[PDB]
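For reference, positions follow the sequence shown, starting with 1. Note that ligands are numbered from 1 as they come in the structure, with each ligand's atoms numbered from 1 the same way. When reading the values below, keep in mind they use all heavy atoms of this one structure, side chains included, and skip hydrogens, waters and symmetry mates.
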Amino acid sequence: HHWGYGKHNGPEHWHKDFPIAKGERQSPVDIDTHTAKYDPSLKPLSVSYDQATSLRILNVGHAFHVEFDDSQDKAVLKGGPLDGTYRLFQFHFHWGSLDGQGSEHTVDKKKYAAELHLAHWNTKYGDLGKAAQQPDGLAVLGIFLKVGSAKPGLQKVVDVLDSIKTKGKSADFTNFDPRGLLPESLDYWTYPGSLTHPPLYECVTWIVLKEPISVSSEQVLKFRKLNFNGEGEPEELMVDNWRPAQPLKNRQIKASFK
Ligand SMILES: NS(=O)(=O)c1c(F)c(F)c(S(=O)(=O)CCO)c(NCc2ccccc2)c1F
Ligand SMILES: NS(=O)(=O)c1c(F)c(F)c(S(=O)(=O)CCO)c(NCc2ccccc2)c1F
Ligand SMILES: [Zn+2]
């Protein structure tokens, strides 16, 4: 009776196994755009993905993960709110059963169809596992997805999903360039938060881009054909794998623009 997204194990239940669910810096949050304050001291984010080396795509049960080589300093995220160098190691998405829901963060209560998370660990902690135990160990770049025109750079992800339909399946996924998932602008909001699902560690600097990307209905529809279950178990479509917005508590959201 493991955690998930259903009635019987979803977000309202997680605090029993993971009490930090009720912590002081949980994610996601609603981004109140009128209250987020431009911070002229923030830097223009540096997203350097030219040398990224994707490895594999894995159905982890609650999502799929695209994993990268994080054994040498390749793709990194720096600048903005960050002190030091964060190494890209994985991306994944959250999405809905319907185009009108799926994002974790919201913008003035608006929900997007999906949200892309590019996860990076702070190289000063040596490993991902070490980093995850630090309040500045991770930086996650969040990008909203709206349904409209297709995103060319997403299609290779969509097309491999039939090969990893069920929990525990993996496929080779080399030579994928995550630069094809980024919007034109790097304007962002930032705040201190957490992993958005168990174990909910309070280890993340969130950087949420203002500009969504456009994906087609057919692209998101293929995400909704994935399965939460393993092969040979009853089929449960992998949809609505988002945590709702959590209390902001003692935090300020800071804007890089305007
Ligand atoms: N796909 S991913 O690269 O984000 C990932 C996970 F999703 C994940 F769940 C884990 S896990 O080991 O915490 C639990 C397995 O479901 C690791 N672990 C990587 C790691 C651990 C210690 C030191 C360095 C890396 C992990 F790397
Ligand atoms: N949605 S999120 O970006 O905050 C997030 C999680 F919420 C999260 F729980 C994980 S996880 O691997 O701990 C559980 C399975 O997804 C990762 N994956 C990246 C990561 C891996 C290890 C430690 C910290 C983050 C993760 F990226
Ligand atoms: Zn996520």
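Within the 4.0 Å heavy-atom cutoff, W121 does not count among the residues contacting ligand 2. Proximity of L128 to ligand 2 is established by a heavy-atom distance of less than 4.0 Å. Heavy atoms of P198 approach ligand 2 to within less than 4.0 angstrom.
Remark: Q51 CD is loosely packed, at most 12 non-hydrogen atoms of other residues, nucleotides or ligands lying under 6.0 Å away. Other residues, nucleotides and ligands place no more than 12 heavy atoms under 6.0 Å from the NE2 atom of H8. Within 6.0 Å of NZ on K249 lie more than 12 heavy atoms contributed by other residues, nucleotides or ligands. More than 12 heavy atoms of other residues, nucleotides or ligands lie within 6.0 Å of CD in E211, so this atom counts as buried by the packing criterion. Within 6.0 Å of atom NZ in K74, more than 12 heavy atoms from other residues, nucleotides or ligands are found, so the atom counts as buried in its surroundings.
Between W189 and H105, the distance separating the two ring centers is not shorter than 6.0 angstrom. Separation of the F64 and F93 ring centroids falls under the 6.0 Å cut-off. Not less than 6.0 angstrom separates the ring centroid of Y5 from the ring centroid of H94.
In this model, no donor atom of one side chain and acceptor atom of the other lie less than 3.5 Å apart for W3 and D17. Side-chain contact of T166 with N227: a donor-acceptor pair under 3.5 Å is absent, judged by distance alone.
The contact set between ligand 2 and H62, taken as ligand atoms under 4.0 Å from a residue heavy atom, comprises 15 (C), 16 (O). Ligand 2 places these atoms under 4.0 Å from at least one heavy atom of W206: 4 (O). Close approach of ligand 2 to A132 (heavy-atom distance below 4.0 Å) involves ligand atoms 23 (C). Within the listing of ligand 2, atoms 1 (N) sit less than 4.0 angstrom from a heavy atom of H94. Atoms of ligand 2 found under 4.0 Å from any heavy atom of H65, numbered from 1 in the order shown, are 15 (C), 16 (O). Heavy-atom proximity to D127, at under 4.0 Å, picks out these atoms of ligand 1: 23 (C), 24 (C).
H117 pairs in a ring-ring contact (aromatic ring centres under 6.0 Å, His included) with only one of the listed residues (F89, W95, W206), which is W206.
Here the Zn ion (ligand 3) is the vertex; the NE2 atom in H94 and the ND1 atom in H117 give an angle of 100° (to 10°).
Under 4.0 angstrom from ligand 2, the non-hydrogen atoms of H117 all belong to its side chain. At a 4.0 Å heavy-atom cut-off, ligand 2 does not touch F18 at all.
Distances from atom 16 (O) of ligand 1 to the protein include no heavy-atom value under 4.0 Å. For atom 23 (C) of ligand 1, a protein non-hydrogen atom is found at a distance below 4.0 Å. There is no protein heavy atom closer than 4.0 angstrom to atom 11 (S) of ligand 2.
Remark: minimum distance from atom 20 (C) of ligand 2 to any protein heavy atom is reached at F89 CZ, 3.6 Å. When hydrogens are left out, the protein atom nearest atom 6 (C) of ligand 2 is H197 CE1, 3.2 Å; that is the closest non-hydrogen contact. The protein heavy-atom contact nearest to atom 1 (N) of ligand 2 is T196 OG1, 2.9 Å. Ranking the protein heavy atoms by distance from atom 27 (F) of ligand 2 puts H92 CE1, 3.1 Å first. In this structure, atom 25 (C) of ligand 2 lies nearest to the protein heavy atom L195 CD2, 3.7 Å. The nearest heavy-atom contact from the protein to atom 13 (O) of ligand 2 is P199 CD, 3.5 Å.
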Where do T174 and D172 land on the side chain to side chain donor-acceptor pair (under 3.5 Å) test, with the steps shown first?
-> CA-CA 6 Å; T174 59; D172 296 315; over 6 Å; no
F68/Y49 under ring-ring contact (aromatic ring centres under 6.0 Å, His included): CA gap, chis, key distance, verdict | CA-CA 11 Å; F68 291 75; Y49 290 170; 7.6 Å; no
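The shortest N/O to N/O separation between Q90 and ligand 1 falls below 3.5 Å. Ligand 1 has a nitrogen or oxygen under 3.5 angstrom from a nitrogen or oxygen of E67.
For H197, every N, O or S atom stays at 2.8 Å or more from the Zn ion (ligand 3).
Relative ring orientation between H92 and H65 is described as tilted, the plane-to-plane angle lying within the 30° to 60° band.
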